[PDB]
Structures are given as structure tokens and as C-alpha cells.
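**Q** Mind looking over this structure? Questions follow.
Each value in this text was obtained by applying a stated rule to the coordinates, not by laboratory testing. Neighbour counts run over all protein chains shown; Cβ positions are idealised from the backbone, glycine included.
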Amino acid sequence: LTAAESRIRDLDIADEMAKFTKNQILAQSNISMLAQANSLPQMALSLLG
Amino acid sequence: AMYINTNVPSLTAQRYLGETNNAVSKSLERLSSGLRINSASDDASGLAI
Amino acid sequence: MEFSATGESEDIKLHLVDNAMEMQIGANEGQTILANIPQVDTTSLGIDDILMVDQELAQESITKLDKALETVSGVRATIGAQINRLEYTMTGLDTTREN
Amino acid sequence: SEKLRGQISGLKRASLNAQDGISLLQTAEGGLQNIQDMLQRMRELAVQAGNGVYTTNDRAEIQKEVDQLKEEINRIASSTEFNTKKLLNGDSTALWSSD
Amino acid sequence: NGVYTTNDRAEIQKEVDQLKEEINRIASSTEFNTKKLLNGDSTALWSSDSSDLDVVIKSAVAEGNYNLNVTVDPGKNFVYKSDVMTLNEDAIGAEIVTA
Amino acid sequence: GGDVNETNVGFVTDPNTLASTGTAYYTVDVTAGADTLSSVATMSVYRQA
Amino acid sequence: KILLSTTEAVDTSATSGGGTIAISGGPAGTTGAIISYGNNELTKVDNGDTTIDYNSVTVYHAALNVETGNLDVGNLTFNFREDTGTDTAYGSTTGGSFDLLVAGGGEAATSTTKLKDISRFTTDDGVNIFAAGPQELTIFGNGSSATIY
Amino acid sequence: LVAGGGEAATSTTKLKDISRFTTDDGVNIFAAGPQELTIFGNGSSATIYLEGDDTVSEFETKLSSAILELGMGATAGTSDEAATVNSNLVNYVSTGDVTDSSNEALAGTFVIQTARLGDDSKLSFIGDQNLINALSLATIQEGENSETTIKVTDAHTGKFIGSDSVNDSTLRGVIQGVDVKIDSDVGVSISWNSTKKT
């Protein structure tokens, strides 16, 4: 029974570490894209103006 | 068409960053605790068994 | 000893009102969510008169404990269902806002 | 434009309201988890007594600490709080009185 | 998978019901300029007099008022049987029997 | 209005298009046999102008 | 329009079995028609315990309006007593009178139905339109317009 | 007639004495407290409470009332037919009421039926594992669907449009872009036969 119960304890840590790595990698790309998106419009249009 | 203060892509990026941050936080909580279910909302059937 | 029926019936009175929880979840008159939390204590769990003096009450104690545990599990899982619904409904608001 | 701006403001208000609602359920879940934790130690100490090797004083020694645990669980049942609105003591669903 | 008793499935049913309610709400709450989109208000508009007739819209409908004539041929139902119940070793039973 | 059930009527079902507002009460005399004669009484009239 | 009620002559004096029904009253204070029934047509006979019984009789009633003269017709079903009877001869019944109250109309719209009770005048979210206040309606035609409340 | 223990139970036997309501270890279910029973059907649910002191007839009455609450019972025909049908929904067969070559050819069993046709007449039972296993329900008849003949005609001229014979009572593909659902409690009359008990 204690073997049976110790099958809902925690995932094999490798998959959790993979999910964490992928999320952490993708966050920085989000940040950079947001920065450039904020940069573009005011500058371009005020250049036109 | 160039406008002023109409940065919809900023809103889209903000939303996506929101999901990314929440996912990272949940993964960190799971890894720190070392338990699968935790709380009461991850699974409704494992608690009783 | 001899026990006897009194012969005259008894009258009792009770007053009951509601205090539920409302949640505004929309931008127009009418759409809401209701919330309630059942009352939980020793009396609700029905273990007020548990006794451990002789070697005859432990079995009933174990039965009652099993029943209380399953009741508490049910309550917690209901709360979890509520929170999952709210988490799912949160994002559509922002999607509609963007559109 | 007037209709759209009004709807947008309502959407922002609902967006805040959702998380404001979710916090309370998280707190109640934590409290119920603590109660469920105590009940299992109660069950284990229940199955402890029931053996015949023990006199009538060991069971009294067990009974004192069992009563103390029951008092603690009653305190935690009656101690939960959120913004001067007690949750678990049946003050979120109804209100009853009798003479 | 059968390892769960007949209580876990009711527990699952509660959350399933909540998800159904949420999807109904999102279906019935969509809005733009006081024009509801998904609630069958974009293609047709129907009403009848009987209280046992349901209408679902798929595509463009033509027009007009219709008269329907119905004739029925019946089927059958479900019949359940429970098992034999007897008495214990120390029971006594009485009945009014004719012969 | 004030009267006790002198008859043996259980209840009434299926009220359908029987007018409404339920305020001018209704009298439902159930007589247990009495000779009846042929007659007529004017119920109502209707004029526009 | 003229509206009349008509009555039939019946013996109404048998060993037992039935009775006569008379409907009267209403906002117009009408004195309606009277009807008679036959033998063993109101109350049945026992079958040991009967587990409580009820018989059914349908009744139709009509009323006339005073300003458009549109006729309104409704129906009801009386449930009559469990089980009566003499020594296994024909049955039995009890006479008298009592009062009845009505709510709603049924499944149609009556001529005197309140406008706040129509099912079509409420939205899907449970709020009725007239709760806020009166509404406006505009009619256009022949180069002219009109407004009603 | 006095029948002893160790035999068919009678109509006044208390529920705490039946042999099927004690476990292998000799602890009856009603020792801890009253038991729940949930019934699902017709898109609705009901809950009843059983205490270890009521007799079988009270059980039958409670089950009949609970079933009638769901609306599965006889409709508003409001006749003695309806009363008899409602009363003959849940039946207990005693030793002196057995009928050969019928549904009730077994002694001391509960017979359960409903008053609707097809899939609408399916019942589901939920409760404790021990109680459900002790009841040990079984099926002796399964439901079947109806046949509906539908004709459609215009409301002002009367020109024919279409007709069909369907099984699930769903009119489809005759009116462009609309599906119609018609309830199954239309055009049916129910009677009870005690000579055969059906």
C-alpha cells in the first residue's frame, strides 16, 4: 500500500526542470518583443510629424 | 495607418506575459513543495484516495 | 421507574434568514455568481461526545472519524471546483477588452 | 463611442473583481487543510487505544490530550477571519435564532 | 478506470456541472453595441405556443407559420429487480396469510 | 370570505386561460341532486359607440 | 355582441351517483350555467384501502370583454372524493359550496393579462424591460410620426 | 402466520435485522448513523436518508415519493388511473402474493419501474459501497424508443410540405435550417393490469 500511495507524490523531476527551462527561456523573448513594440510607434510617427 | 496611443500589440504582449509569469510561479511552487497535488484544485479525486 | 407521556403537546418557534455571497462578474445588470460555505465545527462533524475511557468506544470512534474525513474532503473539493471555474472565466474578459 | 467606453470601464472593474474574489477561497482552503491535518492524528491516536494491556489511567492520560486537541480544533474553526467577516462559522450562508 | 467507488464519480460530476454552467454563461453573455451574437439573434427569431417544443437554429430559414400533425407509436421502459432478503438467526416475523 | 368545506372536493388542477387576477373569488356550487328547469338568463352585451 | 347561457332539464333524483355543478361570480359578477351528471360519475368505491383516491372532471368557462368583445375560454379539472357508497348499491356524493381563488391564466395570453407577465418581455439574463420604467415606441408612415408610452 | 428466522421477511420487519445489512465482521451499516442514497434521472437528482429502525413499507413509501418528486410518475391525468399507477410503482412481494410466470415470480424482492418510455426511463443509484453492494440491483427489462409520424402543412393555404417517420422524435431536414424537438409524453395513455401486474 505505501508503494501504491507513493505513485502520486511528485513527477520525475526531469520533466519539471524541462518545463521550467522552457518557460524561463521564453520569458526573455517576451520582454524584448514588448520593449521594441513600445519603442516603435511614438518614434516613427513623431519622425513623420 | 499610423495613429497616436493605439498600441494594441503592447496589450497582446502584456496578456501573454501574464500567462507566462503565472505558469512560472506555479512551476516554482510545485518544485519547492515537492508534491504533485498540493492545494485543493489541481486534482479533485486524488485527495480522497 | 415509570416514564409517561405528558399529554399536552409543545410548541417551538424558529427564525431563519439567508446571508449568501454575491459576486459581480459582468459589466451589465444581471450576471453574477453566488458563493456559500457550509458551517464546519466539532458539532457539524458530529464528534462532540467521543469518549475514551473503556475498551468499547474506539471502534465507533474510528467509524465516526472516517465519516468526518470524507465529509471534509468533499467540502474542500467543492471549493476547488469554484476556484477552477473562476480561473477559467477570468481571461475572456481581457480578450473581449482587447477586441 | 459613449457605449464602448462605458463597456470598457465595466470590463476593467470586473477584471479586478475576479482576483479580489479568488483570494478569499484560497484562504478558506488553507484553513480546511490545517483542520484535515489535525483529524488524521486524531484517528491514529484513536486506533492507539483499544488494546488490552493498559489500565484505566493510561486511557485517562490519552483522554486529556484528546480533549485538548478538540479544544484546539474548535478554536481554529472559530478563529478564521477576512475583513471583519467570519467565514467558517456559518456566517456566510444563513442566520438562525430561536427562543 | 475502476478503482474508484461510487462517490468519486459524483465528485467529478459536480465540477463537470460547474464547467457546463460556465460555458452556458459565456454563450449567453457575448455582446457588441447591444447586439447579442451567438444567442441565435443573428440569423432567425422563433416562438411557439406549446410548452413541449424546442427549436435550434443552424442556417438561414425561410419564413412563415406552420402547422404540424403528430401520430405516436409507443415503446417500452426499464424494469429493475432487487435480490432476496431474509432474516437473521434470532428473528421472528408475523404476517396475515390466507389459504 | 369565510366558509368551511361542506363538500368533498380535493383540489383543482390545469388552470388554462380561465381569465386571471384571481381577486373576484369564484363560486363552484356542488349540489347533490335537485330538479332543474329550462330557462335562459342574459349574461352580457357589448356596444362600441 | 350578446352573450347568453343555456340550461338543460335533468331528473337529478336517482338512487345515487352524481350531482350538479354551478359556476358563478367573477369581476363581471356573472351567474353562469348549471350542469348535471349521471350515475357513479363523481365518486368511486373502495378496494380495501384505495391508498387514497381522486376522480377527475373537466370544466370549461367563457367570459366576454366589454370594449373589444373578445371571448375568453378556460378549463379546469376538479378532483372529487376518494370513495363513497351505500351497501354496495350505487355510490354517494356530498353537496355544498365553497370559494376558489385563481392565479395566472395558463398557457396562452388572456385579454386581461398584465403586460409584465408575458414571457417574451424578459431578457435571457433574468431582468425584465419594464422594471426600469416606461418605454417609448415610434411609428412612421405617410410622412408623419407618432410616439406612444 | 408466524415465520421464524434463518425465510422470507414480512412487511413489518425492522431494517436493522436483515441478514444482507451486516458486513463480514458483524458490524451493521446503521451502527454509525443514518445512510444516504442519491438517485439520478431525467436530468435531476434526489437524496433520501435511511435510519436503522424503519420497516420495509416505509422504505417503499419513501422511494415512491422520491421518484414521484422527479416527475417520472403519472402525469396530470389526475384520474384514479394515475393514483393506481403511482401506487404500483415500487412493489414488495410477500409469500402470500407471489404470481407465477410474472415479473413477481420471486419472493421477498423489490420490483421497480417507471412511467416513461425509452432513454428517459433510465435510473442511476449512488451511495456507499457496502449499501450499494448489499442492495445488489439487477435488470430484467430494458427500454425501447417510440415511432413518430410527423406531417407539416401551411397555416393559411394548407399546401403539403413534408412528412417523416422518426425514432428519436427529432424533426430534421424538412424545414430549412431549423431542427425541432418534440417531447415524448405526447399522445400516450397508460393503464395498469393487475391480473398480469404490468
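**Q** Could you list H:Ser136, D:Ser15 in order of exposure, starting from the residue whose Cβ has the fewest other Cβ atoms within 10 Å? Please report the intermediate quantities before stating the final value.
**A** Working: H:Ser136 11, D:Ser15 16.
Listing H:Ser136, D:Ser15 from fewest to most nearby Cβ atoms yields H:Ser136, D:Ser15.
**Q** Using DSSP to define loop residues, name the GluC sites (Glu not before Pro) in segment E:10-99 whose beta-carbon has at most 11 other beta-carbon atoms within 10 Å. Before the final figure, lay out each step's value.
**A** Details: sites: E:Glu11, E:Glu15, E:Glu21, E:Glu22, E:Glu31, E:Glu63, E:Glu89, E:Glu95; in loops: E:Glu31, E:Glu63, E:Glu89, E:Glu95.
Sites meeting the loop and neighbour criteria: E:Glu63, E:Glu89.
**Q** Going toward the positive end of the dipole of segment G:68-149, with +1 on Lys and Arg Cβ and -1 on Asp and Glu Cβ, which of G:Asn75, G:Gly126, G:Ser144 do you reach last?
**A** Projecting each Cα onto the dipole axis, the largest value belongs to G:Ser144.
**Q** For chain C, modelled as a GNM with alpha-carbon contacts under 10 angstrom, which of C:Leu16, C:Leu57, C:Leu45 fluctuates the most?
**A** Highest fluctuation among the options: C:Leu16.
**Q** OK, next. Quote the charge dipole size of the protein assembly as shown about the Cα centre in Debye, to the nearest 20; the model charges only the Cβ of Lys and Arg (+1) and of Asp and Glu (-1).
**A** Working: 54 positive and 108 negative charges, 815 e Å.
Using Cβ point charges on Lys, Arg, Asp and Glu, the protein assembly as shown gives about 3920 debye.
**Q** Dipole magnitude of chain D about its Cα centre, charges +1 at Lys/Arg Cβ and -1 at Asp/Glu Cβ only, in debye to the nearest 20?
**A** Working: 12 positive and 14 negative charges, 131 e Å.
For this selection, approximately 620 debye.
**Q** Give, as a single signed number, the net charge of other residues whose beta carbon lies under 12 Å from the beta carbon of F:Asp3, with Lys and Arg counted +1 and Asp and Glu -1.
**A** Numbers: positive: none; negative: F:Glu6, F:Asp29, G:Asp99.
Counting the neighbours of F:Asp3, the net charge comes to -3.
**Q** Here's something else I'd like to know. To the nearest 20 Debye, how big is the dipole of chain C about its Cα centre, given +1 on the beta carbon of each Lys and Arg and -1 on that of each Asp and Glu? Display every interim value, and only then the final one.
**A** Numbers: 6 positive and 18 negative charges, 135 e Å.
The dipole magnitude comes to about 640 debye.
**Q** Per-residue Cβ counts within 10 Å, from other chains only, averaged over D:38-51: what number is that? Write out the running numbers ahead of the final one.
**A** Working: counts 0, 6, 2, 0, 6, 7, 1, 2, 10, 5, 2, 7, 8, 2.
Partner Cβ neighbours, averaged per residue: 4.
**Q** As I understand it, the dipole of the protein assembly as shown uses +1 on the Cβ of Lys and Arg and -1 on the Cβ of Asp and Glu, about the Cα centre. Which of C:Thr43, H:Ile39, H:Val174 lies farthest toward its positive end?
**A** H:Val174
**Q** Continuing with this model, one more query. Whole Å is fine, so just give me how far the alpha carbon centre of segment G:20-45 lies from that of chain B.
**A** That distance is 72 Å.
**Q** What does the net charge come to around E:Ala27 if you take all other residues with beta carbon closer than 13 Å to its beta carbon, with K and R at +1 and D and E at -1? Before the final figure, lay out each step's value.
**A** Working: positive: E:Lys20, E:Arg25, E:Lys36; negative: E:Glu21, E:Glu22, E:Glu31, E:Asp41, G:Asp124, G:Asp125.
Combined, the nearby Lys, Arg, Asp and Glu give -3.
**Q** Give the residue list of chymotrypsin sites (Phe, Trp or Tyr not before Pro) in chain E that are DSSP loop and have at most 14 other beta-carbon atoms within 10 angstrom.
**A** Values: sites: E:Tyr4, E:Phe32, E:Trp46, E:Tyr66, E:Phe78, E:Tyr80; in loops: E:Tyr4, E:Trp46, E:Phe78.
When the chymotrypsin sites (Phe, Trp or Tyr not before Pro) of chain E are filtered for loop state and at most 14 Cβ neighbours within 10 Å, E:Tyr4, E:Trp46 remain.
**Q** For the Cα atoms of chain B, what angle does the longest principal axis make with the long axis of helix B:8-33, in degrees from 0 to 90, nearest 10?
**A** 20
**Q** If I fit a long axis through the Cα atoms of helix A:13-48 and take the longest principal axis of the Cα atoms of chain A, what angle between them do I get, 0 to 90°, rounded to 10?
**A** Computed tilt is about 10 degrees.
**Q** If you rank H:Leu123, F:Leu18, H:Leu106 by fewest surrounding Cβ atoms within 10 Å, what's the result?
**A** On the way: H:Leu123 17, F:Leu18 23, H:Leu106 14.
Neighbour counts put them in this order, fewest first: H:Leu106, H:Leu123, F:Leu18.
**Q** Where does each of F:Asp35, H:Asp164, E:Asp8 land when they are ranked from fewest to most other beta-carbon atoms within 10 angstrom? Please list the in-between numbers first.
**A** Values: F:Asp35 9, H:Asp164 14, E:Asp8 17.
Result, fewest neighbours first: F:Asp35, H:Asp164, E:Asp8.
**Q** Give the residue from G:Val59, G:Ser13, G:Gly95 lying farthest towards the positive end of the charge dipole for chain G; charges sit on Cβ (+1 for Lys and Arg, -1 for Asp and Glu) and the dipole is referred to the Cα centre.
**A** Of G:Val59, G:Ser13, G:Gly95, it is G:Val59.
**Q** With springs only between Cα atoms under 10 Å apart, run a GNM on chain G and tell me which of G:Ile34, G:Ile52, G:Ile21 wobbles the most.
**A** G:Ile52
**Q** Cα axis of helix D:2-48 to longest principal axis of chain D: angle in degrees, 0 to 90, nearest 10?
**A** The angle comes out near 0 degrees.
**Q** Are there trypsin sites (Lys or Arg not before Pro) in chain B that DSSP puts in a loop and that have at most 14 other Cβ atoms within 10 Å, and which ones? If you can, show how the numbers build up before the last one.
**A** Numbers: sites: B:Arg15, B:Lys26, B:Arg30, B:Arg36; in loops: B:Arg36.
Filter output for chain B: B:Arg36.
**Q** For an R0 of 25 angstrom, estimate the FRET efficiency from the Cβ-Cβ distance between E:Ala62 and E:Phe32 and round to the nearest 0.05.
**A** Working from the Cβ atoms, E equals 0.40.
**Q** Where is the GNM fluctuation largest for chain C (alpha-carbon springs, 10 angstrom cutoff): C:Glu29, C:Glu87, C:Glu70?
**A** C:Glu29
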